[PDB]
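First comes the structure, then the notes that go with it.
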Amino acid sequence: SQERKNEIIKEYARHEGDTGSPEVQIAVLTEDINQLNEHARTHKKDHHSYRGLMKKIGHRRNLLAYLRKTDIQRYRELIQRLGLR
Amino acid sequence: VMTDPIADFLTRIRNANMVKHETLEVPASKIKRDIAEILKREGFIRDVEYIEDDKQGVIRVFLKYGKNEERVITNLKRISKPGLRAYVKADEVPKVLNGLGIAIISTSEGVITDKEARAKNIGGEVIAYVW
Amino acid sequence: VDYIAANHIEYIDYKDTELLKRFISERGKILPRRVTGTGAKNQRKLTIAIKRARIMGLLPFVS
Amino acid sequence: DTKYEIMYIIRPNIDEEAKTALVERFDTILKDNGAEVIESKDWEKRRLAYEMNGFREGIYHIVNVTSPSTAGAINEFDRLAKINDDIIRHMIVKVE
Amino acid sequence: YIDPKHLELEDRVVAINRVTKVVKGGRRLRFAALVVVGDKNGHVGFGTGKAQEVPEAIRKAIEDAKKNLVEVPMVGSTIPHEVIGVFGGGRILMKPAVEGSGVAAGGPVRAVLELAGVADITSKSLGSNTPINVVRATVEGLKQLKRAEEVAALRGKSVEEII
RNA sequence: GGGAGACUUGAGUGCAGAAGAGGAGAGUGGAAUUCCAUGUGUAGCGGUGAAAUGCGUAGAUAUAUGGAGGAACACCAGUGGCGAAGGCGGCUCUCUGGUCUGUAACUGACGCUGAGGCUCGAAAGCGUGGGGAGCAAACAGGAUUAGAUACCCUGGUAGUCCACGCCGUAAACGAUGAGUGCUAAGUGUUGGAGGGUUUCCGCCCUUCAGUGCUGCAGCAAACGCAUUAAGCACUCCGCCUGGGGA
Ligand SMILES: CN[C@@H]1[C@H](O)[C@H](NC)[C@H]2O[C@@]3(O)C(=O)C[C@@H](C)O[C@H]3O[C@@H]2[C@H]1O
Ligand SMILES: [K+]
Ligand SMILES: [K+]
Ligand SMILES: [K+]
Ligand SMILES: [K+]
Ligand SMILES: [K+]
Ligand SMILES: [Mg+2]
Ligand SMILES: [Mg+2]
Ligand SMILES: [Mg+2]
Ligand SMILES: [Mg+2]
């Protein structure tokens, strides 16, 4: 849902109008990952959609690594907010 | 993804020279400008001009062809590469085609030709050969 | 001549049996887009509409 | 929401009263399961291109409806239309 | 182009190959001869000639080589600078050598260089040894050779400024 | 290289659009084969290079009308489209992935490759339970032949289909790893974008991304490749070192 995406972006935006940033992208990626995990658990055999999920997971991990390298405090804060490891 | 802009610059010159294109354009950098001016003052190129943009600047090179449209620049080669950096001590500075060519070298005194480098009695990184 | 473009219609309802009948040959077989002069995009839309019409009985499958 | 168009064929023999009852029953089905019927109509009465369920004739009735994609109104309508004998064949298509 | 006339040309038979064409009856033997004709002063060329007889094949090759004469830059007793010439599988490397070192080359390359007049040079064939291809590769390298004066004129600098 | 900053072109997000046999789930449509029932009808039908086996007076084949069931989706269909690969072709709906073109609001190098690992992976095959029309290893019979454990013919089980789980191999091929940039053109085609006309259609021009064909420079042992390089360059990975043994 684009409306769900927009509200998530507003919540996690570093400032007003910041559509693209590690935190925003990671938050949006995490919500899509959770929704797509539900989809996969529903359809074990949708292997192509699962590949898309894995691409999202890899991209999210790369963004998290960059954020951890750049600002560890923001990294800690973001993982706390999103309930990540 | 580009990993050696200097090597890409040399390749652009070689390809344009092969097709006898009049000029070529490359994204600009301090090292690229040093190389371009060395070629300029060595006579391997007709002229160099710099264009200012918002990204990184653009450097334009005018290829030099003699009478009968002969290519002055026979070829160019990248010596020191990201995969394997190359450094030479003062007595190791090479001569390209027994001096007919040149070897662009970066030293503590800046990017200079092999002739100047061995006149100063200093080594450095052998960026490229040209002849 | 691309009839769809000439008529200037962007939506192809599968109910317009009159419209579909000019894209199916006798016996109900669909016509090549090269034969009919129609474009690729319009051809795909016509194919879907004709198949749906066949299913709903607006057009005959064979003969 | 997502727009659906539903064209279904009622058998030629049905009485007008029975046809009205059938149409009203299915309209109630759509509304209760969550679909908002923006329009319903009897499109036409046409001879079938081929015999269907032993009939050469039918009454094509259209129902333009709108509903959320997740809502199961369309699914329940399809199940009930298959069950019913008065309707011969139904087609549901998303419309832009 | 180089005019063969006015040049005191001399020839050397690099190789004579016995080549066969299979015909309905059997074999049809011919001789293919590779020859190098040079002037011992910087002009050299190579030619090929096919004929039923060795002398005729050599004569044809010599005429062809005269038509294909080329000139090679030479500094002192050696070539100006190192050069590698490739033609097909052939691949020859040549470097200048100090005075008196001789012509350190093998077979066909010796003929080409000696005929061209070079006296002190080092060589190595890093590719195939097929005589025709190595001779062709040799001349490619010799053409690649460049003169200090021409290079200086091209670059617009004096020869001293170049060196 | 390290550290401290700055930047937006690479990268990604946002916003606006585009096409698609991309995938998974549940339904559904007609053609056709086989079988079943019942009519009409009488001696063959079927098959081969030629024959025979086989089916048929217990009425076959054919023919009309129905009914059953399984599998695949004619026309469209196109060096067309989508997919990382295998692969994906009736139609409808639900869930879902990716790609492409605009804009330049957003972060400011966050990228490329990627041993070891994990996932997918045609067909055949294995396990469990169903399904089974057609086709068909094995097998039976008839032919052919010197022989015929085959090719041909008549039947025909597993299998081919479905659900879950193994298997992880193919000439899994473009017999061409991935990323990036640069280097004549000509001509088709797919999806966009912009403009100049055009009443609209359309025509013409520009440009981005695919897909083909021809063809410079260059490359190549040759065949040929040639902006979809096998050309010119850089980064990372996989792999090769005579044939057989293997
Ligand atoms: C039928 N006559 C043949 C025929 O003319 C052949 N040429 C095609 C011919 O060829 C030959 O001349 C040949 O050259 C080969 C030789 C075996 O036989 C020769 O005689 C050959 C003659 O006998
Ligand atoms: K029904
Ligand atoms: K989609
Ligand atoms: K099985
Ligand atoms: K394949
Ligand atoms: K061995
Ligand atoms: Mg299988
Ligand atoms: Mg058989
Ligand atoms: Mg293998
Ligand atoms: Mg293209």
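Numbering starts fresh at 1 for the residues of each chain in the structure tokens, the chains themselves are lettered A, B, ... in the order given, and ligands are numbered from 1 as they appear.
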
For this session: Starting from chain B, keep only residues with some atom at most 9 Å from an atom of chain F, counting only C-alpha atoms (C1' of nucleotides), and report them as a VMD selection string.
Result: chain B and resid 1 to 5 7 to 16 18 to 19 54 to 56 78 81 to 83

For this session: Name all residues at most 12 Å from residue E:60 (count only C-alpha atoms (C1' of nucleotides); drop same-chain ones fewer than 6 positions away) and give them as a PyMOL selection string.
Result: chain E and resi 13+31-36+46-54+66-67

With C-alpha atoms retained, could you export that selection as a PDB file, in the first residue's frame?
ATOM      1  CA  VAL E  13      66.086 -18.636 -49.795  1.00  0.00           C
ATOM      2  CA  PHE E  31      57.255 -26.316 -54.485  1.00  0.00           C
ATOM      3  CA  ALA E  32      56.426 -23.181 -52.504  1.00  0.00           C
ATOM      4  CA  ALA E  33      59.532 -21.086 -51.858  1.00  0.00           C
ATOM      5  CA  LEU E  34      59.839 -18.208 -49.400  1.00  0.00           C
ATOM      6  CA  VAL E  35      62.611 -15.755 -50.250  1.00  0.00           C
ATOM      7  CA  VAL E  36      63.985 -12.605 -48.630  1.00  0.00           C
ATOM      8  CA  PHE E  46      60.051 -11.096 -48.770  1.00  0.00           C
ATOM      9  CA  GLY E  47      58.250 -12.958 -51.527  1.00  0.00           C
ATOM     10  CA  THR E  48      56.514 -16.266 -52.149  1.00  0.00           C
ATOM     11  CA  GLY E  49      56.549 -18.309 -55.335  1.00  0.00           C
ATOM     12  CA  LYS E  50      54.826 -21.566 -56.275  1.00  0.00           C
ATOM     13  CA  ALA E  51      56.004 -23.647 -59.222  1.00  0.00           C
ATOM     14  CA  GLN E  52      56.500 -27.218 -60.372  1.00  0.00           C
ATOM     15  CA  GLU E  53      60.276 -26.702 -60.102  1.00  0.00           C
ATOM     16  CA  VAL E  54      62.388 -25.294 -57.280  1.00  0.00           C
ATOM     17  CA  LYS E  66      61.285  -7.037 -55.122  1.00  0.00           C
ATOM     18  CA  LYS E  67      57.727  -5.757 -55.549  1.00  0.00           C
TER      19      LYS E  67
END

Exercise. DSSP on the backbone: what in stretch 46-106 of chain B comes out helix (DSSP H, G or I), as number ranges by chain?
Worked result: B: 67-69, 90-92, 96-99

Env. residues ligand 3 / 9 Å / only C-alpha atoms (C1' of nucleotides) and all ligand atoms / as a PDB file with C-alpha atoms (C1' of nucleotides), in the first residue's frame:
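Dumped everything to pocket_10.pdb:
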ATOM      1  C1'   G F  20       4.424  -8.434 -19.880  1.00  0.00           C
ATOM      2  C1'   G F  22       6.979 -13.625 -14.325  1.00  0.00           C
ATOM      3  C1'   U F  96       2.959 -11.540  -4.973  1.00  0.00           C
ATOM      4  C1'   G F  97       8.330 -10.462  -7.558  1.00  0.00           C
ATOM      5  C1'   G F  98      11.050  -7.999 -10.961  1.00  0.00           C
TER       6        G F  98
END

Exercise. If we count only C-alpha atoms, which residues of chain D reach to within 9 Å of chain C? Please list them as a PyMOL selection string.
Worked result: chain D and resi 7-9+46-52+89-91

Exercise. Any idea which chain A residues end up within 10 Å of chain F if we count only C-alpha atoms (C1' of nucleotides), as a VMD selection string please?
Worked result: chain A and resid 6 9 16 to 26 28 36 39 to 40 42 to 55 59 62 to 67 69 to 70

Problem set entry | Distance filter 10 Å around ligand 7, atoms: only C-alpha atoms (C1' of nucleotides) and all ligand atoms, out as a ChimeraX atom specification | /F:122-125,159-161

Problem set entry | One-decimal distance in Å that lies between atom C1' of residue F:82 and atom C1' of residue F:192 | 16.6 Å

For this session: At a cut-off of 8 Å, list the chain F residues touching chain D, using only C-alpha atoms (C1' of nucleotides), as a list in words.
Result: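 Taking only C-alpha atoms (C1' of nucleotides) into account, residues 92, 93 and 94 of chain F sit within 8 Å of chain D.
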
Problem set entry | Spatial neighbours of stretch 163-166 of chain F, max dist 10 Å, only C-alpha atoms (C1' of nucleotides), sep filter under 5 positions, as a list in words |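 Selected residues are residues 126, 127, 128, 129 and 130 of chain F.
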
Please write the residues from the selection above to a file, keeping N, CA, C and O atoms (P, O5', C5', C4', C3', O3' and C1' of nucleotides), as a PDB file, in the first residue's frame.
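Heads up, here's the output in selection.pdb:
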ATOM      1  P     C F 126      11.327 -44.967 -10.245  1.00  0.00           P
ATOM      2  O5'   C F 126      11.744 -44.464  -8.796  1.00  0.00           O
ATOM      3  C5'   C F 126      12.889 -44.996  -8.151  1.00  0.00           C
ATOM      4  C4'   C F 126      13.031 -44.449  -6.757  1.00  0.00           C
ATOM      5  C3'   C F 126      11.764 -44.442  -5.922  1.00  0.00           C
ATOM      6  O3'   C F 126      11.459 -45.708  -5.369  1.00  0.00           O
ATOM      7  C1'   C F 126      12.843 -42.354  -5.730  1.00  0.00           C
ATOM      8  P     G F 127       9.931 -46.135  -5.135  1.00  0.00           P
ATOM      9  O5'   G F 127       9.533 -45.360  -3.805  1.00  0.00           O
ATOM     10  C5'   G F 127      10.325 -45.487  -2.636  1.00  0.00           C
ATOM     11  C4'   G F 127       9.842 -44.576  -1.541  1.00  0.00           C
ATOM     12  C3'   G F 127       8.340 -44.515  -1.334  1.00  0.00           C
ATOM     13  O3'   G F 127       7.849 -45.609  -0.581  1.00  0.00           O
ATOM     14  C1'   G F 127       9.246 -42.322  -1.314  1.00  0.00           C
ATOM     15  P     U F 128       6.439 -46.283  -0.950  1.00  0.00           P
ATOM     16  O5'   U F 128       5.369 -45.242  -0.403  1.00  0.00           O
ATOM     17  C5'   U F 128       5.372 -44.847   0.959  1.00  0.00           C
ATOM     18  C4'   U F 128       4.314 -43.811   1.235  1.00  0.00           C
ATOM     19  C3'   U F 128       2.990 -43.996   0.513  1.00  0.00           C
ATOM     20  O3'   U F 128       2.152 -44.963   1.120  1.00  0.00           O
ATOM     21  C1'   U F 128       3.676 -41.743   0.337  1.00  0.00           C
ATOM     22  P     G F 129       1.093 -45.784   0.233  1.00  0.00           P
ATOM     23  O5'   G F 129       0.007 -44.686  -0.154  1.00  0.00           O
ATOM     24  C5'   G F 129      -0.701 -43.987   0.858  1.00  0.00           C
ATOM     25  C4'   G F 129      -1.549 -42.883   0.284  1.00  0.00           C
ATOM     26  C3'   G F 129      -2.380 -43.226  -0.939  1.00  0.00           C
ATOM     27  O3'   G F 129      -3.561 -43.938  -0.623  1.00  0.00           O
ATOM     28  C1'   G F 129      -1.318 -41.132  -1.253  1.00  0.00           C
ATOM     29  P     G F 130      -4.515 -44.476  -1.798  1.00  0.00           P
ATOM     30  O5'   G F 130      -5.030 -43.140  -2.493  1.00  0.00           O
ATOM     31  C5'   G F 130      -5.764 -43.177  -3.706  1.00  0.00           C
ATOM     32  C4'   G F 130      -5.943 -41.793  -4.274  1.00  0.00           C
ATOM     33  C3'   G F 130      -6.419 -41.726  -5.717  1.00  0.00           C
ATOM     34  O3'   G F 130      -7.825 -41.850  -5.837  1.00  0.00           O
ATOM     35  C1'   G F 130      -4.563 -40.286  -5.428  1.00  0.00           C
TER      36        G F 130
END

Spatial neighbours of stretch 106-119 of chain E, max dist 6 Å, only C-alpha atoms (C1' of nucleotides), sep filter under 2 positions, as a compact mmCIF listing (two decimals) with C-alpha atoms, in the first residue's frame:
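For reference, selection_4.txt as written:
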# COMPACT_ATOMS: atom_id res chain seq x y z
CA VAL E 14 64.46 -18.78 -46.36
CA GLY E 38 67.49 -7.11 -49.24
CA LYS E 40 72.19 -4.60 -46.66
CA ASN E 41 71.51 -0.88 -46.12
CA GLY E 42 67.98 -0.71 -44.66
CA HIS E 43 65.83 -2.05 -47.53
CA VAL E 44 64.43 -5.59 -47.36
CA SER E 77 74.52 -1.14 -36.23
CA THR E 78 71.15 -1.89 -34.59
CA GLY E 102 75.91 -9.90 -33.52
CA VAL E 103 72.48 -10.90 -34.76
